Every structure is written in structure tokens, then in C-alpha cells.
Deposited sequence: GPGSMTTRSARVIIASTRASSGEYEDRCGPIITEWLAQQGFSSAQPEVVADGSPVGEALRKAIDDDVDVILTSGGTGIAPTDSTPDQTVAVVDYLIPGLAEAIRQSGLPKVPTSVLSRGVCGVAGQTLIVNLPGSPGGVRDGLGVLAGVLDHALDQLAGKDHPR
């Protein structure tokens, strides 16, 4: 029942992350043990934070930020590079949870995937997007982790 949180934000990694605390709280509410979230710059540092977490063999890695189409948004690409495979239906459920209230939800490129025995979920970079996505994870995360482990 272990988790890691990574906040992808160059803006926040050098000087405020609001999404970390929200995710930490949700994980505690949901019974997960987790370290303080790693706040890292966009790009290669996301890939590195991911690799560190996977090497920790945690059950789930939740990222927030860097999933839009802005020049520096490379969280999904960094994530694709470390997973064994993707789960596009989960990423689409997370997008759709922002709909129809935030039409721009369809612009998130966030992916979900599995590296070994670790589920990885890209959440959006806003607190409202994060809550939306976590609401989706609440309905499935337990079953996913169990299905991942093989009942």
C-alpha cells in the first residue's frame, strides 16, 4: 500500500505547489503510506523522479503538472519512456471527469501506465483537475492495484 507523489513544475520547483498537499491528503485518507512529494522541474527531472520512485518499488506513483500542450509540458513523454505499457481508458476517464465544466480538459496529454508492479497516473496541474482525477482513481485504484498483483 505504498505511493509516491511527483509535482512537475519548473515554476514551483524554483519558487507555490498547491497540488502536492491535496494528493498527500487523499493518499492518507485512502490508506496509502507515502513520502513527502518530490517537486521537480519539467523535462528530464520528471523522468529521473519517476525512475527513483519505481526503484523504490511503490505500488502507485501520482504525478501532477506538465500534461498540457505548453512548450515545457513533457510529463507524459517522460512517463511513456519509463512504463512497460499504457492504460488509455484510465487517462481518458481522468480527462472526461473535467467535462463538461472545463472544456479544456480535453487538452491534457497525461497518460497512465504500469512499470513492473507500479501503477503510474498523470494528473493535471491544477488543484481542481487533481480533485477531478482523484475522484476517478477513487472508483478503481484499489481494483487496479489488485488486478496488477493478480488477485
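Gaps in the model relative to the deposited sequence occur at 1-7, 23-24, 161-164, listed in sequence order.
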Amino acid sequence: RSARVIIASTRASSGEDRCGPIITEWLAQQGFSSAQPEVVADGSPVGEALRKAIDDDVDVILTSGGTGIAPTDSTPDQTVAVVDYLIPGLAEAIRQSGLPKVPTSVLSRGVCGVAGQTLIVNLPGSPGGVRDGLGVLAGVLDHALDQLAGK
From here on, numbers count along this sequence of modelled residues.
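The stretch with the higher mean CA B factor, choosing between 118-126 and 101-109, is 101-109. Mean C-alpha B-factor is higher over 36-44 than over the other stretch, the pair under comparison being 36-44 and 59-67. For residue 74, the recorded CA temperature factor ranks within the middle third of the chain's modelled residues. Ranked by Cα temperature factor within the chain, residue 138 sits in the middle third according to the deposited record.
Residue 22: CA B factor lies in the middle third for its chain, per the PDB record.
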